[PDB]
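K.L.:
So I pulled this structure from the PDB, and the sequence comes with it:
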Amino acid sequence: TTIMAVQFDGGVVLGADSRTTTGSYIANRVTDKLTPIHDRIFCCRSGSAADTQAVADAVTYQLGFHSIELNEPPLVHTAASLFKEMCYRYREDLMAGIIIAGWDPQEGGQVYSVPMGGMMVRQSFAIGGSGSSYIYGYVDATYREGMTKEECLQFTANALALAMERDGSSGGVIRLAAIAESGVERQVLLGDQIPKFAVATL
Amino acid sequence: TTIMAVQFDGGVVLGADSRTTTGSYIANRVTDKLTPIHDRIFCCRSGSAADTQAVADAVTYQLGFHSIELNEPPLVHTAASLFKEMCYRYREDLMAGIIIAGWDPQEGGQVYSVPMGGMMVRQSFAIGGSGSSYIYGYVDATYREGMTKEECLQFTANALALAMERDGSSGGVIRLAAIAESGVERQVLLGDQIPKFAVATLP
Amino acid sequence: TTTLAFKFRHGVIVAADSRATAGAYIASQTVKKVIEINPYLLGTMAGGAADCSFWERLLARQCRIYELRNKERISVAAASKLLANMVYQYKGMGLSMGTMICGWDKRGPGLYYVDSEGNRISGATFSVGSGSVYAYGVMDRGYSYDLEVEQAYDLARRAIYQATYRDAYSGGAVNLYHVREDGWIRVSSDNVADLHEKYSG
Amino acid sequence: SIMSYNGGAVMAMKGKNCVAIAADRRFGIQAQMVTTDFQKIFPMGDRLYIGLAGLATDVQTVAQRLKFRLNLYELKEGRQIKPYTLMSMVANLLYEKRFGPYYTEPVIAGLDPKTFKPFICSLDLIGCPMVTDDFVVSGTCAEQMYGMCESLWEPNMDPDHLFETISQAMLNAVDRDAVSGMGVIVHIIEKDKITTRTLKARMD
Amino acid sequence: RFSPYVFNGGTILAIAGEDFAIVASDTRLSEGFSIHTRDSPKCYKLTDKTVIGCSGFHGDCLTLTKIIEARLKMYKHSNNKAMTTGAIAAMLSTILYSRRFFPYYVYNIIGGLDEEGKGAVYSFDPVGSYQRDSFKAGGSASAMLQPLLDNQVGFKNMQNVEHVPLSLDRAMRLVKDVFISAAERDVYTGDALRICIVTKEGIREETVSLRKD
Amino acid sequence: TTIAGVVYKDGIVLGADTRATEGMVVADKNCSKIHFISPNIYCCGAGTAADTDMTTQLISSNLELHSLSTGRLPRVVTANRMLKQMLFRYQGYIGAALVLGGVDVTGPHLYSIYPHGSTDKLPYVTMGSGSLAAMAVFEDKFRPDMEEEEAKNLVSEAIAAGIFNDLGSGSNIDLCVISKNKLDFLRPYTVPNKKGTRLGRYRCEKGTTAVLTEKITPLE
Amino acid sequence: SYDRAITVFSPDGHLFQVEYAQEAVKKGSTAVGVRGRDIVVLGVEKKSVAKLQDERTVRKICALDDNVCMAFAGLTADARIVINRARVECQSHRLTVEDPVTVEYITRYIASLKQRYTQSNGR
Amino acid sequence: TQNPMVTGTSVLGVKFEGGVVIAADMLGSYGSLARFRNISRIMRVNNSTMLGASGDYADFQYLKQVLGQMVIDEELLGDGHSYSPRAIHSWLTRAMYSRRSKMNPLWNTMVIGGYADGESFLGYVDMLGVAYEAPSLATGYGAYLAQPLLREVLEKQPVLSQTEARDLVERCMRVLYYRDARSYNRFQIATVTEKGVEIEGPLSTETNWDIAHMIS
Amino acid sequence: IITX
Amino acid sequence: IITX
Amino acid sequence: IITX
Amino acid sequence: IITX
Amino acid sequence: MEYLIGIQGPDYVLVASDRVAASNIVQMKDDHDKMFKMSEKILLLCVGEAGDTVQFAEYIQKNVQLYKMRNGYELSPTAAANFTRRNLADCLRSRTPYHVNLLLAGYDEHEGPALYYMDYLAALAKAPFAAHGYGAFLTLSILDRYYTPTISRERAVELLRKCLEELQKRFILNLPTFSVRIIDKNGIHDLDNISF
Amino acid sequence: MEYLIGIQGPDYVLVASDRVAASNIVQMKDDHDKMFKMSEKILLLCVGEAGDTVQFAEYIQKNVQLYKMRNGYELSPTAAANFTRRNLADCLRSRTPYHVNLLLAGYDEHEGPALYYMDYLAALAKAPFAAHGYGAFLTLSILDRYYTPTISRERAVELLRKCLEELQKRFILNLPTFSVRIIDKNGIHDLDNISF
Ligand SMILES: [Cl-]
Ligand SMILES: [Cl-]
Ligand SMILES: [Cl-]
Ligand SMILES: [Cl-]
Ligand SMILES: [Cl-]
Ligand SMILES: [Cl-]
Ligand SMILES: [Cl-]
Ligand SMILES: [Cl-]
Ligand SMILES: [Cl-]
Ligand SMILES: [Cl-]
Ligand SMILES: [Cl-]
Ligand SMILES: [Cl-]
Ligand SMILES: [Cl-]
Ligand SMILES: [Cl-]
Ligand SMILES: [Cl-]
Ligand SMILES: [Cl-]
Ligand SMILES: [Cl-]
Ligand SMILES: [Cl-]
Ligand SMILES: [Cl-]
Ligand SMILES: [Cl-]
Ligand SMILES: [Cl-]
Ligand SMILES: [Cl-]
Ligand SMILES: [K+]
Ligand SMILES: [K+]
Ligand SMILES: [K+]
Ligand SMILES: [Mg+2]
Ligand SMILES: [Mg+2]
Ligand SMILES: [Mg+2]
Ligand SMILES: [Mg+2]
Ligand SMILES: [Mg+2]
Ligand SMILES: [Mg+2]
Ligand SMILES: [Mg+2]
């Protein structure tokens, strides 16, 4: 797995690969790792499929009830907090590396990392999953302050394409989502639509 | 450790960080991991310091004697082969990830990887060491066919600077060397000379 | 496995069951566990089957060379010692052998127990194998040096029989031998099923 | 292995309008026989029997606790339990111990108390049931028993031919297993009678 | 821990007649839950009078049979005659024991004619324990095959039945039945049954289909 | 075990083999691995046999309770939730690997469910020791919006692949076809394996077995 | 290590080094053995006589074991070696067979030791 | 080798009328890292024989070195005898078995393909010295994914043409790209016929990802 | 324990 | 088990 | 292997 | 031990 | 290490047990009694792990006595044996298993004499004779050889003495003395100790 | 498990050893001898691992006899004890160590009587008395209590009998009979076996 999210002025971009593995068999080649927690709050999931699905279902429930009680859209920081609380409390029983990203009217576009262990930290952009090792350098060199939404999408698809190339544990299709005040725009980059970089033949 | 070598038309560029660790103590901040095996053949060393030093000393001896016998400069492929033979035969007793790079009159500029286990493969460019994980993406996106020497030096210093930033096990100064028909040009990028990329602080 | 032997006035009785197993699987009910080393020397087998057969066959080879070199019968003491010294080199390597060397030589009836642990001892009576504890019980209660020959055959045969009854790893048939002064004879092979019909509280 | 500690074997076999269930009689502790008349097949009704091979302590506990449940069922309902319903009852009892199970694999043989239709099944040690139209086996010599049953069993056998077949399958199977035997017992279950026999059998 | 062994399956069987020997095996070669091939017999011709069946770890099956082939030629060169069935069995025992502390993981059954022209079967454990038998199963499904043979060839547990000599036809019908029954239950045994019949005229070969699942 | 499922133009086709093993021996040749969940939902089971039986029974039972209360046809998501939440709770100790398929008011749905409680919603899935064989057939030949007979051919081919290439799988092929209008529970769909015939007869006549003791106990 | 063939055949089938060893025996002091009815006696000539000699230290009759002894004639240094080799061997026989050696057994052993030294390199 | 380092995944092989085809991707994986993306895992042994290797790539390079030197040695004699595919397969069984028996295996599983005297040869050798022949072979994940497809075709039609065998191999290589996490979509195909040994590559399969929109 |  |  |  |  | 033996004749049960309490290399007591009186016609002979043996036996004992007091009549040997089993088996997978092996001997007015064997796993078996401990390995074949169901009590004491002599001869442990008791219609009788 | 004991008086050494050869739960021989005659005035008593004990003892024995034959006179007890130690100690870190424990008893014309103790590690100690085996734990305090350096041999046999009685009473193993020998100026004498 490789997952990624980027902040822009007005929203966020999230991305993931689509590979689920047992050992080195691919149990799902078109996995959807970007799961909706509310109208405009997504999590990207890495680690145990069972753990991240169960945790995401539980936070979705917690947040939905909270949101009806307050009669307001939920804060992205509140979704991240609920993830953090459950991932920290059950850190010895869970294997989950989470990125929470979305939009709310109070703080706009936000990205939070909740890595294994259950710390929480807000970031301009975040990457996670096994494949993320292979793109630290790339994203450190490419990231620019003030990127537009389209630039964030391109940056995300590039980074994931590179990770997917090298990580055996990542692969398949790239799933992207953009979240802003106006709503959620999802898409799939597959086959020739995935950014290409030559193998360096002699 | 992070190590790297790049082929250009007429020569090679080699680079390494300068960090030697025991656990997380830094036993040497200014290590020289680019060791000369002949006049125009270098190896870049990663893994065990004892192992790669001993192996490099032994190949130097083997190749120097070979070269006097033949009365010709040695082939880069021959240096790589000697590394391969020793690293493969003693694979269960060695921890060594090697890049051999240099120039000879027959095949020009060449880069060979001899990773742990002791396979050998020729490459346009090679990276190795713990820190190399963090730059596969970058070098995959940046490498261009036909780079000049100066471009190869810049590419190498960038890649190593990025790895050194992220890898706790890499760091210090960047050591570079360029090898061509005309000889060997060595240099150190230190402090402000090392390429800089902003930590992504929050808007 | 159950095997036994004893010395008495009229020589030495040697008896065994005929079962072989691989774990709880009964591999054979027809194994000859008494080995004919020469016409006046028997060896018995308990433990690993290959280990016993091999080393006792090698004992036999060696006793025959000895006889050709020295122009006389090897003694029971010397034969048992050849076997002890052969297996000693292999202690702790996993050989499993428990044997009795039974004969008649210039010192009279002879009986040594020899095993893969290194033991070599002479004695009046022995039982060896998984069933030996059951055979010692009946053998000990019926034994005497002044047993008449047919009584001695009955005792050996009953002791093995009773061992086959209690011990899962013994059974098949009881095979009985008698070492006399002019060589050993094969006295009987009786299936345990036929013996059960017969016996006898 | 826990299941080889006491040894033992049971099988059951289906015929025309009749069933057979059989068991070795040995009670032993590893190599040592303790007793040669140990009960492994227990009545659960006039035409319905359960045979239990495995750890002897649990052979007895499962039989006893099943009886507890069965007696309550029959007093509470109008009636004698059906074969299929006994299976489900046993299944339920064993699966309660899913994470620390009884070490026994029962076989059931009987006739339906109204139809008199033949029934046989077996269950694994956590209660997976398994109904068949021919035969079931359970115990330390299961492969031996499978060999005998797959080669001898035929459909629509009468009580005398079913008796010979189950007896030959048992005797020859257990004669290749060190820790099963010391006798074989056979029950033939018919509409109008129960025939119980002990066989002439090896005692080694 | 590299392990130098792996179980590749296979069931073998030999029957001695008055004037014949049968050696039979299934043709499936397995590893884990997979089939390597459906056509890998376990019978090997040694002489005009002697056939050997081998199952277990296939690496050892191959190596051991090539050793035996070499030892038979060496014997013939030193002594100017082919090895007898009995001599092969005695030799194989020593070969197996030579690896007592790193065994050939092989189950062997030899079937052939003896010096009087009569059927002979010898069966082995992996370290060379052996004896002569009238009939014997070995390998994966042996516990399935052996009891029926004890019953039907040995006449065990049967009362009031004439202990007649075993005809080839009946021996043959038995061999097919036990393998078909084994094929129902042992997951390793299947694909095809290969039967070698050794007589004074020589060695002939029947083959019958088994379940492919 | 080989189990598998496919979404076709008008419904689901589920498939399974019929072998059950105790170690490397076949305990049952004709065991039923496609379980009733509700009249419009079925579930194939692989793994620990008792666990797949008791897990599908319990969930079916709770859905009957549920649908008795709502007066409505149950949904596949509901079966999926109930299963996954239970399996997750038990942390993988319930060794049930499931292919859940059915048709509800929102159309055909197919899930795979794993012992630890993860699920995947997909148009084709396979589980069990023969699942790679079955999956190879699906990657080679699956198309979207297959007709019923195509889908049935493909699923039976996938199960066959498991049956013949996996020592864990064998005996018959069972199918279950579920659409808005129809439920076909096809047991057996195919019998590609048959026992060979017995060449010799072992009809042992009365008296062959020696008897020590006899008791006749007459009944009513 | 010295591998020269020392004892070799000469043209009429002689082994000259053995014959020459026999000539050394003939220059040695006389030794005599007689086998009685229930006694066995060994007698041997002078050695040197010599008043200043310690008689004890030069005896040419030597116990091999409790039940076997030997006298010799020839090179006394060579004899000492043979005698010690036999003494060792008498103890190995007792070890592996739990009987004393027969006289023939130990004669046979000494003889084959001598034979070996007529057909081995360097000796 | 006790512990493999850079490793290769499945090798496929199938007989056709007049030859044998084998396939293998061009990837040396270092654990899950796809490290060396342009290596050949196929060897021309001689004119009649080719070899493909799964497992530790450094051990394969050693076998190439040894086996390449053996064919040269033989060619030097110019005596009209050549190692047949079957003989090469035998040699390989012995070498693997021998290394296994010293508790120091060569960490490979191999497919030998050949054509000699009108007959197609296809044979398998593993690191323990397990060896056999068969009409189709597949090592690694190919045993689970590719072989069921190969054997299903070969049952309906035992005798395949060259282009039929080639299309079947491409189909299998697609499936492996879809389901083996250590595979790569850059492979070679090697064919042996009357005319010798051709190695084609780099090749890629077309892939379909329609199912990404069928989260159903 | 039976498996499927 | 199963990971992403 | 086998025992006695 | 000490690495690069 | 502890020896128990029981022999059941037509109208009695004869039982014996060693009298050693051992610890490491020493005997700490040579007049130890391993028999527990449950009722007028029932003995329970108990061996096994220290603590467990007395705690188990005495708990059964007090419960059997309590039954007499609640009901005015005693449990039968068979009922006491099954009561003992139920407890052992119920405790087997608990936090408090008891590592004990037992014989239960008794006489019932209606069923006659009975001997019961129970191991720590709680398998219960009725037997004409039986023994526990390592000593059983040397003595059970002696009982198989000479026992008959009609054996008189004079002859059962002789058979017992052969078994105890076999332990003197052949067993590696020093078990010099044994408790002997017999149960019949008139209750539990103490016979003289058998000593060496 | 094996018992050795030695008591040295002013002009003799008294030794004894048990006569049991045990295997698992049974005694296999009751007339076992654990004493080896090295020379006319030296006994070596050896116990320990099967195989090792005899192989070691007999190798020493043959070498001590060989010395007599090479030289015409015997090794002293002290020299034989140090010879035995050298071998054991040399073999200790080899491929072929011997797990044996020993006493060496002897009489020398000039140094008088001597008793030597050696464990498997090859520590060698001279002692006025000593014992090996578990039985030593029960008997060494009995020797400390009653031994004096002037003890006569009549009284040393009595002291020995108290030790062997203590083993009958208190030791958990069945060691019913013992070999007894004594060494003085006139060689090695067999005294009657001490039996129970
Ligand atoms: Cl997921
Ligand atoms: Cl993460
Ligand atoms: Cl993380
Ligand atoms: Cl991950
Ligand atoms: Cl994927
Ligand atoms: Cl540094
Ligand atoms: Cl360095
Ligand atoms: Cl140098
Ligand atoms: Cl490396
Ligand atoms: Cl490296
Ligand atoms: Cl490194
Ligand atoms: Cl026999
Ligand atoms: Cl000899
Ligand atoms: Cl002795
Ligand atoms: Cl044994
Ligand atoms: Cl008698
Ligand atoms: Cl209950
Ligand atoms: Cl859901
Ligand atoms: Cl499964
Ligand atoms: Cl002597
Ligand atoms: Cl590459
Ligand atoms: Cl090539
Ligand atoms: K990838
Ligand atoms: K750093
Ligand atoms: K099968
Ligand atoms: Mg978990
Ligand atoms: Mg090192
Ligand atoms: Mg049996
Ligand atoms: Mg028995
Ligand atoms: Mg199958
Ligand atoms: Mg406790
Ligand atoms: Mg040792």
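P.N.:
On my side now, so go ahead. Numbers count the residues shown, from 1 in each chain, chains lettered A, B, ... in the order given. Ligands and ions are numbered 1, 2, ... in the order given.

K.L.:
From now on I want contacts and neighbour counts done on CA atoms only, so please keep to that.
P.N.:
Will do.

K.L.:
What sits closest to the residue nearest the centre of chain D if chain neighbours are left out?
P.N.:
Geometric centre of chain D, nearest residue: residue D:51, 2.6 Å, by Cα atoms, centre = their mean. Among residues not flanking residue D:51 along the chain, residue D:41 sits closest, at 4.1 Å (Cα to Cα, 6 or more residues apart in numbering or on different chains).

K.L.:
And that neighbour, its phi and psi?
P.N.:
phi -120, psi 130 (degrees, to the nearest 10).

K.L.:
That one: neighbour count?
P.N.:
26 (other Cα atoms under 10 Å in any protein chain shown).

K.L.:
What's the separation between the residue nearest to the centre of chain D and chain I?
P.N.:
18 Å (Cα to the nearest Cα, to the nearest Å).

K.L.:
returning to that earlier point: would you mind measuring from the residue nearest to residue D:51 to residue N:147?
P.N.:
69 Å (Cα to Cα, to the nearest Å).

K.L.:
Strands of chain D, residue ranges please.
P.N.:
Along chain D, counting by DSSP state E, strands occupy D:9-14, D:18-24, D:27-29, D:32-35, D:41-43, D:48-54, D:104-111, D:118-123, D:129-131, D:135-139, D:184-190, D:193-199.

K.L.:
wouldn't residue A:49 be in contact with residue F:114 here?
P.N.:
No. Counting by Cα atoms under 8 Å, residue F:114 is not a contact partner of residue A:49; they are 9.9 Å apart.

K.L.:
For residue 140, which non-adjacent residue is closest in space?
P.N.:
By default, I'm working from chain A. residue B:197 (6.7 Å).

K.L.:
wrong chain, I was asking about chain H
P.N.:
residue H:10 (4.8 Å).

K.L.:
quick check: longest helix of chain D.
P.N.:
helix D:56-76 (DSSP state H).

K.L.:
same thing with chain C?
P.N.:
Every helix in chain C considered (DSSP H), the longest is helix C:49-70.

K.L.:
when you scan the next helix or strand after that one, is anything in it near chain N?
P.N.:
Under the assignment DSSP states H and E, the closest C-terminal helix or strand after helix C:49-70 is helix C:76-88. Yes. Contact between helix C:76-88 and chain N, assessed by Cα under 8 Å from any Cα of the partner chain, occurs at residue C:88.

K.L.:
How far off centre is helix C:76-88?
P.N.:
15 Å (Cα atoms, centre = their mean, to the nearest Å).

K.L.:
Need the residues that contact that helix.
P.N.:
C:41, C:55-56, C:59, C:63, C:101-105, C:110-120, G:96-98, N:51 (Cα atoms under 8 Å, 6 or more residues apart in numbering or on different chains).

K.L.:
Helices along the chain, start to end?
P.N.:
Because you didn't say which chain, this covers chain A. Going by DSSP H, chain A shows helices at A:49-70, A:76-89, A:136-142, A:149-166.

K.L.:
not what I meant, chain F
P.N.:
Using DSSP H, helices in chain F cover F:49-70, F:76-89, F:131-141, F:148-165.

K.L.:
Reformat those helices as TSV; add mean neighbour count.
P.N.:
As requested, those are exported to TSV (neighbours: other Cα atoms under 10 Å in any protein chain shown):
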stretch	mean neighbour count
helix F:49-70	18
helix F:76-89	19
helix F:131-141	24
helix F:148-165	24
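
K.L.:
now the ones you listed as a markdown table including distance to residue E:18?
P.N.:
Shown next, in a markdown table, are the helices of chain F (distance: least, Cα to Cα, whole Å):
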| stretch | distance to residue E:18 |
| --- | --- |
| helix F:49-70 | 49 |
| helix F:76-89 | 63 |
| helix F:131-141 | 48 |
| helix F:148-165 | 40 |
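
K.L.:
got those helices as a markdown table, with distance to chain A columns?
P.N.:
Formatted as a markdown table, the helices of chain F follow (distance: least, Cα to the nearest Cα, whole Å):
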| stretch | distance to chain A |
| --- | --- |
| helix F:49-70 | 18 |
| helix F:76-89 | 7 |
| helix F:131-141 | 9 |
| helix F:148-165 | 16 |
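
K.L.:
sorry, back to before: give the bridge partners for the residue nearest to the centre of chain D, please.
P.N.:
Listed by DSSP bridges, the beta-bridge partners for residue D:51 are residue D:41, residue D:107.

K.L.:
Which residue, other than its chain neighbours, is closest to the residue of chain G found nearest chain C?
P.N.:
For chain G and chain C, the shortest gap (Cα to the nearest Cα) falls at residue G:97, measuring 4.3 Å. Excluding the flanking residues, the one nearest residue G:97 by Cα to Cα, 6+ apart is residue C:78, at 4.3 Å.

K.L.:
measure residue C:39 to residue C:32 for me?
P.N.:
Residue C:39 is 16 Å from residue C:32, by Cα to Cα.

K.L.:
Count the neighbours of residue H:51 for me.
P.N.:
Around residue H:51 there are 26 residues (other Cα under 10 Å).

K.L.:
returning to that earlier point: comparing the helices of chain A, which stretch has the densest surroundings?
P.N.:
helix A:149-166 (a mean of 23; mean count of other Cα atoms under 10 Å in any protein chain shown).

K.L.:
Any part of that one near ligand 5?
P.N.:
No. Using Cα under 5 Å from the ion, we find that helix A:149-166 stays clear of ligand 5, coming within 9.0 Å at best.

K.L.:
what packs against that helix?
P.N.:
Counting contacts by 3 or more Cα pairs under 8 Å, 6 or more residues apart in numbering or on different chains; DSSP states H and E, helix A:149-166 packs against strand A:3-8, strand A:11-16, helix A:136-142, strand A:174-180, helix B:136-142, strand H:33-36.

K.L.:
Relative to ligand 15, which of these is closest?
P.N.:
In terms of Cα to the ion, the element of the helices and strands packed on helix A:149-166 nearest to ligand 15 is strand H:33-36, at 54.4 Å.

K.L.:
Could you list the residues of chain H in contact with chain F?
P.N.:
H:144-146, H:148-149, H:152, H:171, H:175, H:178, H:211, H:214-216.

K.L.:
Could you pick out the buried ones from those?
P.N.:
H:144-146, H:148-149, H:152, H:171, H:175, H:178 (16 or more other Cα atoms under 10 Å in any protein chain shown).

K.L.:
Take these and lay them out in a markdown table including distance to ligand 6 and secondary structure.
P.N.:
Putting those into a markdown table (distance: Cα to the ion, whole Å; DSSP: H, G, I helix; E, B strand; the rest coil) gives the following:
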| residue | distance to ligand 6 | secondary structure |
| --- | --- | --- |
| H:144 | 48 | helix |
| H:145 | 48 | helix |
| H:146 | 49 | coil |
| H:148 | 54 | helix |
| H:149 | 55 | helix |
| H:152 | 59 | helix |
| H:171 | 51 | helix |
| H:175 | 47 | helix |
| H:178 | 43 | helix |
